[PDB]
């Protein structure tokens, strides 16, 4: 099979999600691995809603797909060794990657400080940027989006009737992401190599085999697919999802 999208998720071990508010339905299915839950969560037309997070029950072997994450309203985290929560990074972001096409955070205020207009609303500014016309772009509520992958970055229509649209001020992910020395103590959230290749998850042996087992190295920060320096390398690094590139250095600026 070809689909491999589990890297796109932030894992919270021993955690499941419950929503107090019974609204927003959930789909559950008997599935063998967490990888299959992830591919279904990120697939186009895979679920009767936009999947933001999922939980893999390891004991019962089930996926639990949610249209919400742990940062939504009326949703609690709950304990259980058999559970593993996975939240799509796009909705946690807080920062931007390049044009910010993948950005799906909760910023709803323009660069000037004006509240964004709802995307599904024609007031004050009528338009054609509707969720129906741009599936997969998460044109929900009044959050800053970059649907057409334009140079300016994430933008929105403005609540002020005098300004139609404006860009939003969201910093590039390489903004606060800095390291001390050779990055031995770096525990940040960088997940792509210096050439822009996507990092392989540490808790995975595909497509590259390695000895850096998260269970074997607590305190080493082998979470998700973040760039790490666990072996005295000149710079932090990660294994790559490209079969023809085992590993590659990451580009994290020094805090000094």
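Positions refer to the first chain, counted from 1.
Note on 194-202 vs 27-35: mean CA B-factor is higher in 27-35. In the PDB entry, residue 141 places in the middle third of its chain by CA B-factor. Annotation for residue 155: C-alpha temperature factor in the middle third relative to the rest of the modelled chain, per the entry. Ranked within its chain, residue 82 lands in the lowest third, by CA B factor from the PDB record. When the CA B factors of the chain's modelled residues are split into thirds, the value for residue 228 lands in the lowest one. Annotation for residue 93: CA B-factor lies in the highest third of the chain's modelled residues.
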